[PDB]
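Peer 1: how does the following fold in three dimensions:
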Amino acid sequence: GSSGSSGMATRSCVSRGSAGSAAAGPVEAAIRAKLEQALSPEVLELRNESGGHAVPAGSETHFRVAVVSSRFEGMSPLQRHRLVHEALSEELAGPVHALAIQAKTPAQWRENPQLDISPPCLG
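Peer 2: Numbering: from 1, shown residues only. Find the structure here:
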């Protein structure tokens, strides 16, 4: 068992219908990885909400992101989203249909760095 050689997965996975393992996904990650280099805020939080309507697991239409950059320093509430939306225009125009984007500043975050994407239902 020496490394170097070129192996291969070679393993039938098989899984159709409902798939959504591991936290986040390739879409969400991007939404972040993007804004990450498309804004490079001080605090970029993102997670899967999928809670409200009557949709089965896997639905990645509703999302919540928390961006913390100075870009939105005394800016409009629309512009903020626009900025992101602009970077991830395909997101809002494809998979994501409506995601609550949190546009804050590195000055305000400090005040209330506590987000609110979910209720206090922890244990």
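Peer 1: residue boundaries of the helices in this protein?
Peer 2: For the chain, the helices defined by DSSP state H cover 26-38, 77-87, 89-92.
Peer 1: so which of the ones you listed is nearest residue 63?
Peer 2: With Cβ to Cβ as the criterion, residue 63 lies closest to helix 26-38 of those, at 6.4 Å. No exception for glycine: its C-beta is placed from N, CA and C like everyone else's.
Peer 1: which elements pack onto that closest one?
Peer 2: Identification of packing neighbours for helix 26-38 by 3 or more Cβ pairs under 8 Å, 6 or more residues apart in numbering; DSSP states H and E yields strand 43-48, strand 62-68, helix 77-87, helix 89-92.
Peer 1: deepest-packed of the ones you listed, please.
Peer 2: strand 62-68 (a mean of 22; mean count of other Cβ atoms under 10 Å).
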